[PDB]
Amino acid sequence: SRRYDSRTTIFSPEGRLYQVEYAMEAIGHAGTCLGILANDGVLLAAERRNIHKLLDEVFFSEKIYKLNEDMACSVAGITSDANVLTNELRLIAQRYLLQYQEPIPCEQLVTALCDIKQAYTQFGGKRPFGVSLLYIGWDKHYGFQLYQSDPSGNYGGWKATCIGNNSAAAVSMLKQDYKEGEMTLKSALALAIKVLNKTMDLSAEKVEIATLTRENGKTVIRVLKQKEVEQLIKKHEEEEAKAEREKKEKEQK
Amino acid sequence: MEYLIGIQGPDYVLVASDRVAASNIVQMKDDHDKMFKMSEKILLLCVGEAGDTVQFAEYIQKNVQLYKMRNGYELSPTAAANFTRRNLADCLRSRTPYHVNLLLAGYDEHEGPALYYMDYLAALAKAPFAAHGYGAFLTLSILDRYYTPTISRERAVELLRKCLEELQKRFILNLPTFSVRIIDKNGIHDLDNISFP
Amino acid sequence: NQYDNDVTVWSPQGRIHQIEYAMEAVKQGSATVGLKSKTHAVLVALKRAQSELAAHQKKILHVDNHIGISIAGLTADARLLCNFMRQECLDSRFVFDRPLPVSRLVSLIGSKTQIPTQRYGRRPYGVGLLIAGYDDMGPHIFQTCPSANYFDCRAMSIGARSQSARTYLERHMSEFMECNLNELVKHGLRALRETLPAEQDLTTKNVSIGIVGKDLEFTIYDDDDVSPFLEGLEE
Amino acid sequence: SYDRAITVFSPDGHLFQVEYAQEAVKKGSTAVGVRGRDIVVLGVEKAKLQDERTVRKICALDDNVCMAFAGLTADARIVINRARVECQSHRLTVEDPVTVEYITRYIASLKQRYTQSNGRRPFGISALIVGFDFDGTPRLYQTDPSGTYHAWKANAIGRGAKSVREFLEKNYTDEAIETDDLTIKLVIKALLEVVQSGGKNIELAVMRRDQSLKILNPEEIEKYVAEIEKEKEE
Amino acid sequence: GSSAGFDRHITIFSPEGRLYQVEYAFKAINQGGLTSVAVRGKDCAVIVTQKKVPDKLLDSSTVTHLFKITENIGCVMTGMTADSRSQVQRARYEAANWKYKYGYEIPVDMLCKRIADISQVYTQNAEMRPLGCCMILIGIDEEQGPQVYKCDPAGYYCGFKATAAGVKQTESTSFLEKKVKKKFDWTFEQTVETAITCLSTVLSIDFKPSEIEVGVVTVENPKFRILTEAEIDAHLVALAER
Amino acid sequence: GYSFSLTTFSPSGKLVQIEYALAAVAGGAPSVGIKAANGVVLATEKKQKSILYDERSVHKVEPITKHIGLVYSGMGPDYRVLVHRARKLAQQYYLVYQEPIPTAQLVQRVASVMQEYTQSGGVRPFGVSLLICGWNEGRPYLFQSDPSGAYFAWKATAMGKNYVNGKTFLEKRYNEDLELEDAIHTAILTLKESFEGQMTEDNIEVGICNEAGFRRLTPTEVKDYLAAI
Amino acid sequence: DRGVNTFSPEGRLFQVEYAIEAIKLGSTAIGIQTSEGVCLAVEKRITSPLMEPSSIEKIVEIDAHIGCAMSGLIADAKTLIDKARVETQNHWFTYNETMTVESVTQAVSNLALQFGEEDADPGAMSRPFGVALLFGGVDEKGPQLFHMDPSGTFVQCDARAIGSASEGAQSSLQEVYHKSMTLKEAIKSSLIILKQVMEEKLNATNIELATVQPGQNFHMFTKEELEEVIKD
Amino acid sequence: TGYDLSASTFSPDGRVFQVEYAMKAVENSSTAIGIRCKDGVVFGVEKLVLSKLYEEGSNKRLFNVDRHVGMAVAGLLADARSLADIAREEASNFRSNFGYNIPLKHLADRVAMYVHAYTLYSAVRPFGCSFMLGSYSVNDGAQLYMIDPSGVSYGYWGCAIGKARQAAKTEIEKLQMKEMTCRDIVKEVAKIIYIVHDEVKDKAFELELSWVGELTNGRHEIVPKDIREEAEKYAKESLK
Ligand code: NA
C-alpha cells in the first residue's frame with residue numbers, strides 16, 4: 001500500500017538521500033568514538049554510555065568488537081544495528097579465510113560490509129543501518145590500518161578520525177596535534193586521552209581503550225585495564241598542570 | 001595420458017608440460033600449450049578430460065584477474081592454490097564435477113617459490129617436485145634419485161631433461177615436445193622447448 | 001477524489017470509480033457496429049486516421065475461422081485480449097478438435113477481465129469488444145466491457161457517438177433476422193453512418209467490414225473489397 | 001520483495017528521480033577526461049588526516065580500460081565492481097578483451113535499468129571511461145544517471161562542469177594534443193579553473209597505448225604546474 | 001489520546017504506546033448487539049448468549065453463536081459474525097491438527113492460547129486487520145476439571161471462574177463477581193441458572209426458550225451439548241419459582 | 001505483505017516507533033530483577049482486573065529451559081511470541097552443542113529477533129522489555145532486552161510503572177554479596193514501593209534461578225516471604 | 001501519489017499520457033514512404049563541439065531491409081532497438097526468412113503496456129518507454145513506413161514527423177507530400193523541413209539520413225553523400 | 001471518511017466501511033428473491049433490461065452451481081459470476097474428495113469463507129455481491145442459504161436481496177410456504193417481483209425463474225416457459 005509507504009530508498013529534489021542523512025543525525029547522539037594510527041600499532045578510544053552503579057560487567061568491553069585474528073572495530077549509533085553488522089563482518093572474514101586460507105585484507109572486509117549498507121539505500125524499501133564504524137587492523141599489504149564507514153555504505157582510510165558525539169570538535173583537535181609518521185602508540189594514547197577529555201564532561205569507568213599491536217609475527221588485540229586507563233588520565237592531568245606553569249611564568253620573564 | 005612436471009628450487013619453480021592435443025588415435029596438435037598464467041608470478045598447469053580442462057582453468061584465471069582488478073594487488077600462490085581447491089571441491093559432489101588434474105607453480109615475495117599438486121578429487125599438497133599422468137610412474141623415481149633442495153636452475157633443467165628422455169625411451173605414447181617455463185622474483189620466464197628428433 | 005485512484009476502493013455510493021474511468025476509454029474510440037441475421041454475423045467499423053498522410057487504424061481482428069472482433073479503447077489492451085482469445089480458441093481445437101463455442105469464449109473473457117478489478121495495483125482492461133461468431137447455435141454478436149460484464153446482442157454499437165448507431169439498430173432490428181448478407185451489411189453501414197457528422201460520409205478508406213456465417217469463415221474487407229457494399233445507398 | 005515504482009513520469013514528461021540523481025552528480029568533485037594521440041588522461045578535484053589511496057576516484061576496470069566518476073561514491077563502487085566483473089565475463093565468453101565502447105554500453109544499460117525497474121532508485125553518478133581498444137584507437141566516453149552515453153574528445157563532470165567544459169572547448173587544439181606532456185598539462189590547466197589552489201588538490205592518472213594505468217605522484221603534478229606558469233608569462 | 005501518522009489506520013504504536021486499531025476491534029464486537037456469559041461450576045462449564053431471530057423468514061436452527069470445535073470442546077462467539085465463523089473454522093483445524101501430530105485431544109487452554117497467538121499476528125503485521133470478535137471455549141480437562149477460557153482481538157487470553165463478552169460485558173462481570181463472592185455449592189443447575197440470570201438481569205429481559213441458547217460440558221458427560229428449547233424452558237420455569 | 005519498513009529515522013535521527021514501543025513498556029506492570037551472589041530473583045506485579053480471573057491459568061514469570069527464566073513489562077501477547085522463540089532458540093543451541101545455552105547467548109539470539117522487528121517490512125517493534133535470568137558458568141546472570149534489540153547485564157533493575165523510583169530504591173538497598181533468600185525479600189520490597197493495594201501471594205509472581213536451575217516460587221513460598229514484611 | 005496503472009477520468013493511463021509529453025522534448029525526426037524507397041532523417045541536437053557526432057545514433061539498422069528513427073528518451077530506445085534486432089534473428093532462425101516491416105513494429109509494440117507494481121516479476125518495468133519510433137523498410141508489400149508511440153499504437157504512414165517540432169513539420173509534410181513523389185524529392189523535402197524546424201544551421205555533422213529501397217539494403221549516408229545532397 | 005479506504009482498517013467505532021460500501025452496490029441493484037417450500041426452493045429475479053438491443057436471456061442472474069444447486073445474485077455482475085465459479089469449483093472439489101453431492105450448508109460455509117477473506121486486507125476489495133444458494137435432496141430436504149459481502153451465511157424460509165429487499169420481505173411473510181409446493185410457489189414468486197418492480201423508475205424488465213425440488217428430481221433447472229408464462233400472466237392480473 002502506497003499510502004503507508006515511507007519511501008526510504010528515494011531521492012530528494014537536491015539529489016539527497018534523506019533516510020541516510022537522518023541516520024547520520026542519530027550517530028551524533030551516540031558516544032564519542034575515536035581511532036588513531038601509530039607506527040607500532042593502532043587504537044580505539046570510546047566514550048562508554050553504559051555507566052550505572054547497578055550494571056554488571058559480563059562482557060570484555062561495551063563498544064569494542066574483535067572481528068577476526070588481525071582486526072577489531074568500534075561503533076556509534078543504534079547498538080542493535082551494530083550487533084547485526086558486526087556479526088556479518090565476522091561471517092565475511094570467515095568466508096574469506098575458508099576460501100583463500102589467508103586472513104581478509106582490512107580494506108576488503110570494510111568494502112564488503114559497506115556494499116550491504118549501500119544496497120539498503122538503493123533498493124528494498126527498508127530503513128538504513130543507523131551505525132558508523134571505526135575499524136582497526138593489520139595485514140601483509142598495508143600493515144596497521146584505520147577505517148571509517150557510514151550508514152550510506154561510504155568508507156575511507158584514516159590516520160586519525162572520530163565518530164559520534166562532538167565528532168567535528170574532536171577531528172579538528174586531532175588535526176592540530178597528529179604528527180604524520182612520527183606517532184608511537186604511547187603518544188597516540190596521550191592524544192586519545194587529551195581529545196576525549198575535551199569532547200566529554202573524566203573517570204576511567206566512562207572510557208574504553210583497545211590497542212592492536214604486532215608481537216612475534218602475531219597480532220595482539222587488547223582492551224586496556226581500568227587501572228591502565230587511570231594512569232594515562234592522571235598523566236594528562238599532570239601535563240595540564242605543567243602547561244599552566246608555562247604560561248603564567250613565561251609572560252613575566 | 002598427458003604429462004605435467006614441476007621442480008621447485010631455492011628461489012624458483014621449474015615447470016614443463018607435453019604439447020600434444022590428441023583425439024582418438026591422432027595427434028591433432030604438436031604445439032599445444034597446457035599452461036595458464038594467473039598472475040605475473042603464478043602458472044596453473046592443467047590436464048584431464050577434454051572440455052573440463054580449459055573451462056576450469058579459464059574460470060579460475062579470470063577470477064584471479066578479477067581479484068587483481070578489485071584490490072590493486074594479486075593473490076599469493078597459496079591463496080590462488082586454495083581458491084582453486086575450493087572451487088574444485090565444491091563441484092565434486094555437484095551435477096558438474098570437473099575431471100582435471102593440475103599443478104600450481106608460483107613465487108611470493110615473502111614465502112618464496114611454491115609447487116602445489118592437486119588431483120581431480122581436490123586434495124591439495126605442497127611438493128618440492130611433482131608429476132601428473134602415466135609419465136609420472138616412469139619419472140617420479142628419477143626425481144627421488146637426483147633431486148636435492150638446493151638444486152640450481154641449470155641442474156633442474158638437466159633433471160627435467162632426464163625425465164623427458166625416460167618418456168621417449170619407455171612411455172608407449174608419442175609426446176615428442178615439451179613447453180618449459182620457470183618462475184622467480186622477476187615473474188614467468190619462457191625457456192626453450194625440450195624437443196626430440 | 002480519494003475513492004478515485006484504486007480498483008480495490010469502493011466509493012461511499014457503492015461505485016468503483018476506476019472501473020467507470022476505464023469505461024470512458026471505449027467511448028473515446030471510433031464507433032463500431034455489430035449485428036446479425038439468421039445466417040450471418042456482421043461487424044462494421046469506422047477506421048480513424050491520425051492525419052491525411054496516415055493510414056486508418058485496424059479496428060477488426062481475426063480470432064479463429066469462426067470468430068472475429070471489433071475493438072474500441074486502448075489498442076495495446078485490445079491486442080492483449082485478442083491474443084488471449086486466439087490462444088483459448090487454439091487450445092479448444094488442439095484438445096477437442098472442434099471450434100470453441102462463442103458463448104464459452106465470452107465467459108472466459110468475463111472471468112479474465114474481472115480479476116484485475118479486485119486486486120491492488122492492478123487495473124481494468126481499457127477496451128470494449130464486439131464479437132462476431134458462428135457455431136452450433138448459429139450466428140452471434142457479443143459485447144465485452146472494461147467492467148468485465150458481457151452481453152448477448154441482437155445488434156450493438158460502441159465508441160464515439162455510438163448512441164446514433166444504437167437508435168438506428170433499435171428501429172430496424174425487426175428486419176435483421178430475415179436480411180440477406182448484402183441487406184445486413186447495408187444496415188450495419190447505415191447505423192455506422194449515423195455516428196458520423198452531416199459533412200463526412202462512409203468512404204473506402206474509413207470503412208472496415210468483418211463477416212462470418214453458415215457458409216463463410218471470418219473474412220475482413222477493407223479498401224477495394226469494401227466497394228461492393230458501399231454502392232447501396234447515398235445518404 | 002519491494003515492488004514499488006520509484007522512477008515514474010511527471011505531468012510535463014520528466015523523470016524526476018533521474019533528474020534528482022543528476023543533482024547529486026552536480027555536487028560531486030570535478031572530473032576531467034582528455035583523449036590525446038598516444039595517451040588518455042583523467043583528472044579529479046580533491047583532509048590531511050586521510051589516506052589518499054582509500055579514496056581515489058580513478059579506477060581501473062581492466063588492463064586496457066579505466067574510469068573516473070562524480071557523485072555518490074558508494075553508488076560508484078557498485079557500478080565499478082559490476083563493470084570489473086563484466087570485463088572478465090566478456091573475456092571468458094568470447095576470449096577477446098572488452099572495447100571502451102562495449103564496457104561503456106554495459107555501464108549505461110545498467111544505469112538505464114535502474115531508472116525503469118521496481119524497488120530501485122537510479123545510480124547518482126556520472127562516469128568518464130577512457131582507454132585503448134585492441135586496434136590502438138584512444139577512447140573517451142561519458143555515461144550519466146539516465147543511461148545515455150556519448151564519445152568525447154575532452155569533457156568534465158561534477159562541480160563546475162559547465163565552466164570547465166567551456167574552457168576545454170576553447171583549449172582543445174591539435175597543438176595541445178601534439179605531445180603526451182602537452183595533453184597532461186591541458187587537464188591541469190582546466191582543473192585550475194575550478195580548483196582554487198591546484199596541484200595539492202589534484203588526482204591525475206594517465207594511460208598510454210600499451211602501458212597500464214599510471215597515477216602521477218604529487219611531485220610530478222607540481223612539475224607540470226610549474227611548466228604552466230612559464231608558458232603563462234611567455 | 002495522542003496520534004501521529006498512521007497509528008489510527010494501521011497496527012503501529014501511537015505516541016503513548018497504544019494500538020488504536022486493536023482498540024477499534026474491541027468496539028467491533030459490540031456492533032453485533034449481543035452479550036455472552038460463561039460460568040464454570042464444580043463439575044461443569046456452561047455458555048449462554050442472546051438468540052435474536054427478528055424475522056420469521058429465517059431458519060432459526062441456522063442462527064447460532066455456539067459452535068462445536070471438537071467432541072469435548074465447544075465455544076460461544078461474540079462480535080462480527082463472518083470473523084467469528086472464520087475463527088471457529090481455524091479453531092477446528094488447529095484442534096484436529098493437534099490430535100494428528102500429538103496423538104491426544106487438544107487441552108482447552110492450548111487451543112485458546114493458539115487462537116490468541118494467531119490473533120497477535122494481526123496486531124503486529126500492518127496488511128491485515130484484527131478480527132472484530134471474541135472466543136470463549138469450554139471443556140472438561142482430564143486432570144484440571146471444567147475449564148472456561150477467553151481470547152481477544154488483542155491476542156490476550158486467560159482462564160476464568162466466570163466471564164462475559166459483548167455489549168454488557170462490564171455489567172455481567174460485576175454481577176458474576178458479586179455472585180461468585182458468596183459461598184455456593186455450584187451444582188449443574190446452579191451454574192446454568194447463574195448464567196441465565198446474569199444475562200436476564202443485565203439486559204432487563206424475562207427470557208423465553210427461543211430468546212437464548214445454552215451450551216454445556218460436564219465431568220459425567222464431557223461431550224459438548226447444545227440445549228433444546230424444551231431443556232432451556234425447564235431451567236426458565238425452575239427460575240420463576242423463586 | 002508490506003515490504004517497506006514501518007520504523008524509520010525522523011529528521012532528528014530518531015526511530016520514533018521504537019520510542020513509542022518503550023512507552024508501552026513504561027505503561028506496563030512493574031517487574032524487578034536482582035542478581036544475588038548465589039542466584040537470581042525475578043518478581044512481577046500479576047494484578048488482575050477481577051476475582052473471576054483464574055490466576056493459575058496464565059503466567060508472567062516463564063521458564064525458557066532448565067536453567068533460564070523470563071519476565072517482562074509491556075504487551076502480554078507480544079511477550080508470548082518472544083517466549084516461544086526463546087524456548088525454540090535454546091533447543092537449537094542444545095541440539096548443536098549438547099550443552100545448555102549460556103544466558104548471554106540466549107539473550108543475544110532473542111535480541112536479534114527483536115531488532116528484526118524494527119527494520120523488516122510491514123511490522124511494528126515488540127512493545128515488550130524482557131528480564132532474562134540464568135545460571136551457567138557456576139555463576140548467575142541477569143539481562144534486560146528492550147524493543148530496539150539492545151541488551152544490558154544488570155546486578156539489579158526495575159521495568160514498567162514507577163521504574164525510575166524502583167531503580168533508586170534498588171541502588172541504595174543492593175549489595176553484591178546478598179544471598180538469594182535476602183534478594184527475594186528485597187525484590188518484593190521494590191514492588192511494594194509502587195504497588196497499589198494489598199500485596200498477596202496471588203497478585204505477585206516470583207521466579208528464582210540458582211545451581212538447581214530456574215523455577216517459579218509456589219504461592220505458599222510467596223506467602224512465607226510476605227509474612228516477613 | 002497514485003499508482004502507475006491508474007486511469008484518468010477521461011479513460012487514459014496517466015503514465016502513458018506523460019510519456020507522450022516526454023517525446024515533445026526529443027529531437028525531431030522525419031520519415032517519408034515512396035514507391036522508390038523510404039527515407040529517414042533526424043536532427044542530432046549536438047550540445048558541444050567536443051562531443052563526437054558519430055557517437056549519436058538516432059537512426060539504426062534493425063535488419064538489412066529495416067531501419068529505425070527514434071525520438072524522446074534515447075536510453076529507453078536502446079532496449080527496444082535490441083529487442084527488435086533479437087526478434088528478427090529469432091524469426092530468421094525458426095522460419096528461414098525476413099520479417100515484414102509491420103511484424104517488427106508489432107513485436108516492439110507488444111512490450112508497450114508491460115509495466116506495473118503489484119503482481120510483477122523481481123525487476124519488471126516500472127513505467128512506459130518515453131520513446132516514439134519510425135520504422136522504415138522494404139518487404140513483399142513494397143516500401144513501408146510505420147509509427148509507434150509509448151501507448152503501443154502502431155500505424156502505417158506515408159509521411160510522419162516526431163519530436164519537439166512535430167506539429168510544424170507535419171504541416172510542411174502535409175503540404176509537400178504527393179503519393180507519386182520520387183525518393184530524391186522525398187530526401188530533399190525532409191532536409192528542407194528539417195532545416196526549417198532546426199535551431200542550428202544544418203550541415204553533414206548536425207543531421208543523420210538513411211534510405212531503404214527495393215533493391216538496396218539499409219544505407220546510412222556518409223559526410224560526402226550528405227554534403228552532395230545539402231547542395232540542392 | 002479517512003478510515004474508509006481499506007478493508008484492513010477499522011473506523012474508530014468498530015466498523016469496516018469498505019464492506020458497507022460493497023453492500024451499497026447490492027442495495028443499488030435490482031431485486032432477487034428465494035422461497036423455501038415443502039418440496040423445494042424457487043428463485044425469482046427482477047432483471048432490468050438496459051437496452052432493447054440485447055437478447056432475451058442475456059446477463060442472467062440465476063446460475064447452476066452444481067447439478068443439485070442453484071444460485072441467485074444481486075449486485076456487481078462480474079463479481080457475482082466470479083463467485084459462481086468459486087462455488088462451482090468448491091462443489092466439484094467435494095465430489096472428487098468424498099464421491100457424492102456437496103451438502104448445501106457445507107457449500108454455503110465454504111463459499112462464504114472465500115467472501116470473508118476479501119474483507120480483511122488492503123491488497124483486495126470485498127465482493128460487491130449478495131447471493132442465495134438453493135438445493136433439494138431426499139436426505140437433506142429443501143435448503144435455502146444467503147451470503148452477503150461481509151461473508152455471513154444464514155439459512156432461510158424466505159429471502160430477498162437488492163433495491164426492494166424490505167418491500168419483497170413483507171410480501172413473502174404473507175405466505176405459509178412450509179405447507180406449499182414449488183408449483184404453487186412459482187406464481188407467488190412472480191407476483192412478489194411484479195409488486196416490488198418500479199415501472200416508473202426502472203421501465204422494463206425480464207422475470208427470471210429457477211427451481212430445484214421433488215418435481216425436478218433434486219436437479220436445479222429453469223422453470224419451463226409454460227409455467228413461467230402462467231406465473232407471469234397471474235402476476236399481471238393480480239397487479240390489477
Ligand atoms: Na494489522
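Just so it is clear, the values below take in all heavy atoms, side chains as well, and ignore hydrogens, waters and symmetry mates. Both ligands and their constituent atoms are indexed starting at 1 by order of listing. In what follows, chains carry the letters A, B, and so on, assigned in the order in which the sequence lines appear, proteins first and then strands, with residues in each chain numbered from 1.
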Legend entry - Note, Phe67(E) side chain near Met77(E) side chain (heavy atom, < 4.5 Å): yes

Inset, instruction - Round to 10° and report the angle made at the Na ion (ligand 1) by O of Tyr122(E) and O of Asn125(E). - result: 90°

Legend entry - Within 45° cone and under 6.0 Å: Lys60(F) NZ/CZ vs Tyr72(F) ring: yes

Inset, instruction - Taking both backbone and side-chain atoms into account, decide whether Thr11(E) has an N/O/S atom under 3.0 Å from the Na ion (ligand 1). - result: yes

Inset, instruction - Answer yes or no for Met128(E): is there an N/O/S atom below the 3.0 Å cut-off from the Na ion (ligand 1)? - result: yes

Inset, instruction - Assess the pair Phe123(A) and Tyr2(D): is the distance between their ring centroids shorter than 6.0 Å? - result: no

Legend entry - Spatial distance of atom CD (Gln48(F)) from atom CG (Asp54(F)) [nearest 0.5 Å]: 9.0 Å

